[PDB]
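# Close look at the chain arrangement
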Protein chains: 2
Amino acid sequence: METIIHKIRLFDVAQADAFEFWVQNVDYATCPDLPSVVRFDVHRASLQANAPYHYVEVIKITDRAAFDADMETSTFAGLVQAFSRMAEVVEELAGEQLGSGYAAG
Amino acid sequence: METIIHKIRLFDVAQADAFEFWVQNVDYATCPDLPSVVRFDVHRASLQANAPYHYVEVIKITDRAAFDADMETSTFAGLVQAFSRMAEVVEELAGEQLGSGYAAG
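Residues numbered from 1 in each chain as written, not as in the entry; some residues may be left out. Chains lettered and ligands numbered in written order. Heavy atoms only, no water.

The record lists X-ray crystallography as the method behind this PDB entry and 2.00 Å as its resolution.

Given below as structure tokens:
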């Protein structure tokens, strides 16, 4: 299992509400069509205009190889096109999971 | 729901195997005793000696208030004591989740 994490900066924090609606109703809604995505969630870190980043996304994937293929689909290209009108990735963190992790009952 | 993410740097990458055994068999194993922790997992990013960080941890919590209380327990103090012999947090990212996220069937 692997995890990719992005810091996301809005070009304009006035657009937060469009961004968040897109995330919840378009970005999340498209994840069933990306076979490599096991878990995906986005988190609001800051809405200061000049923040180095406003959001963090956490993508849990089967393996990087599978995710890379999913990125080459037109399903993904449609997500990127919309994302890129509002926001940019300013850092990527990635790793391979140790063991199975913990998840509450 | 909130998420806390740490970049973790080992003082000495020779100790990776002790660190990873501790994470999987002690750190993960203690999470049932921390009521605020909903999900927890650690990820190996890099084992270059001079890397700014080697690991990333992702902590999903009910709310920051509940987590803060859990940190004041002696359960947590025992985790910190061990952690601090091997590693240091070099960055914290945190946010409030947008909606319910996506999780594969």
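### A short note on the pairing of strand β1 (residues 2–10) of chain A
Residue and element names in this part refer to chain A. Counting buried residues in β1 gives seven out of nine residues, a clear majority hidden from the surface. In this sheet, strand β3 (residues 55–61) lies alongside β1 in antiparallel orientation, the contact comprising seven bridges. By the bridge assignment for β3, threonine 3 is matched with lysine 60. (Buried < 20%, exposed > 50% of the residue type's maximum accessible area, 1.4 Å probe, protein only. Helix = DSSP H or I, 4+ residues; strand = E, 2+ residues; numbered from the N terminus. Pairing = 2+ DSSP bridges.)

### Comments concerning the interface of chain A and chain B
Tallying the contact residues gives 37 residues for chain A and 37 residues for chain B. Around 3,000 Å² of area is buried between chain A and chain B when both sides are counted, 57% of it from carbon and sulfur atoms. Seen at the junction of chain A and chain B, the total is six salt bridges. Linking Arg44(B) and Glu96(A) is a salt bridge whose minimum nitrogen-to-oxygen distance equals 2.5 Å. Contributions of two or more residues to the side of chain A that touches chain B are made by β1, α1 (16–30), β2 (37–44), β3, β4 (87–97) and β5 (102–103) of chain A. Here the side of chain A that touches chain B gets eight residues from one element, more than from any other, and that element is β2(A). Across the side of chain A that touches chain B, the residue classes break down as 20 nonpolar, eight polar and nine charged. Bridge analysis of β2(A) against strand β5 (residues 102–103) of chain B gives two bridges, and the strand direction is antiparallel. (Contact = heavy atoms within 4.5 Å. Buried area = accessible area lost by both parts, 1.4 Å probe. Salt bridge = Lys/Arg side-chain N within 4 Å of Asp/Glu carboxyl O. Nonpolar A, V, L, I, M, F, W, Y, C, P; charged D, E, K, R; others polar.)

### Quick notes on the relation of the copies chain A and chain B
With an RMSD of 0.0 Å, the fit of chain A onto chain B corresponds to turning through 180° and sliding 0.0 Å along the axis. Seen this way, the second copy is the image of the first under a two-fold rotation axis. For chain A, the residue whose C-alpha comes nearest the rotation axis is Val58(A), separated from it by 4.2 Å. Interface overlap between copies: 100% of the residues of chain A at the interface are likewise at the interface in chain B, consistent with a symmetric, same-surface contact. (Least-squares fit on C-alpha atoms.)

### Structural notes on the pattern of salt bridges
Per the counting criterion, the structure on display carries 16 salt bridges over all chains. A salt bridge links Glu92(A) to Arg64(A); the nearest nitrogen and oxygen atoms lie 2.9 Å apart. With a gap of 28 residues between them, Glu92(A) in strand β4 and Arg64(A) in helix α2 (residues 64–71) connect regions that are remote in the sequence. By relative accessible area, which is 27% here, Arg64(A) ends up partly exposed. With a shortest N-O distance of 2.9 Å, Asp68(B) and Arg64(B) are connected by a salt bridge. In this pair, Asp68(B) and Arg64(B) both sit in helix α2 (residues 64–71), four residues apart, roughly one turn of the helix. Taking the relative accessible area as the measure of exposure, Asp68(B) reaches 35% and is therefore partly exposed. When salt bridges that share partners are traced, they join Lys7(A), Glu91(A), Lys7(B) and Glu91(B) into one network.

### A look at the pairing of β3(A)
Residues and elements named next belong to chain A. Among the seven residues of β3, seven are classified as buried, and the element is accordingly described as predominantly covered. In this structure, β2 lies alongside β3, joined through seven bridges in antiparallel fashion. By the bridge assignment, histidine 43 is partnered in β3 with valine 56.

### Remarks on the side chain of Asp27(A)
Residue and element names in this part refer to chain A. Mapped onto the elements, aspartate 27 comes out in helix α1. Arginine 44 provides the closest opposite charge to the buried, unpaired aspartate 27, separated from it by 14 Å. Excluding residues that lie within four positions of it along the chain, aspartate 27 makes contacts with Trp22, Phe40, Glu57 and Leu79. (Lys, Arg positive; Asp, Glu negative; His and termini not counted.)

### Side note on the packing of aromatic side chains
Evaluated as defined, the whole model comprises 12 aromatic pairs over all chains. Considering the side-chain rings of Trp22(A) and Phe83(A), the 6.2 Å spacing of their centres and the 50° angle between planes classify their relative orientation as tilted. Pair noted here: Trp22(A) is in helix α1 and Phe83(A) is in helix α3 (residues 74–86), with a separation of 61 residues, a long-range link. Note on accessibility: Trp22(A) and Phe83(A) belong to one class, buried. Ring geometry for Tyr28(B) and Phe40(B): centres 5.8 Å apart, planes at 80°, overall edge-to-face. Of this pair, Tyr28(B) sits in helix α1 (residues 16–30) while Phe40(B) sits in strand β2 (residues 37–44), and the two are 12 residues apart along the sequence. In this structure, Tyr28(B) and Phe40(B) share a single accessibility class: buried. By way of ring pairs, the aromatic residues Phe19(A), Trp22(A), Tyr55(A) and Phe83(A) are connected into one cluster. (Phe/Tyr/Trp six-rings, centres within 6.5 Å; stacked < 30°, edge-to-face > 60°.)

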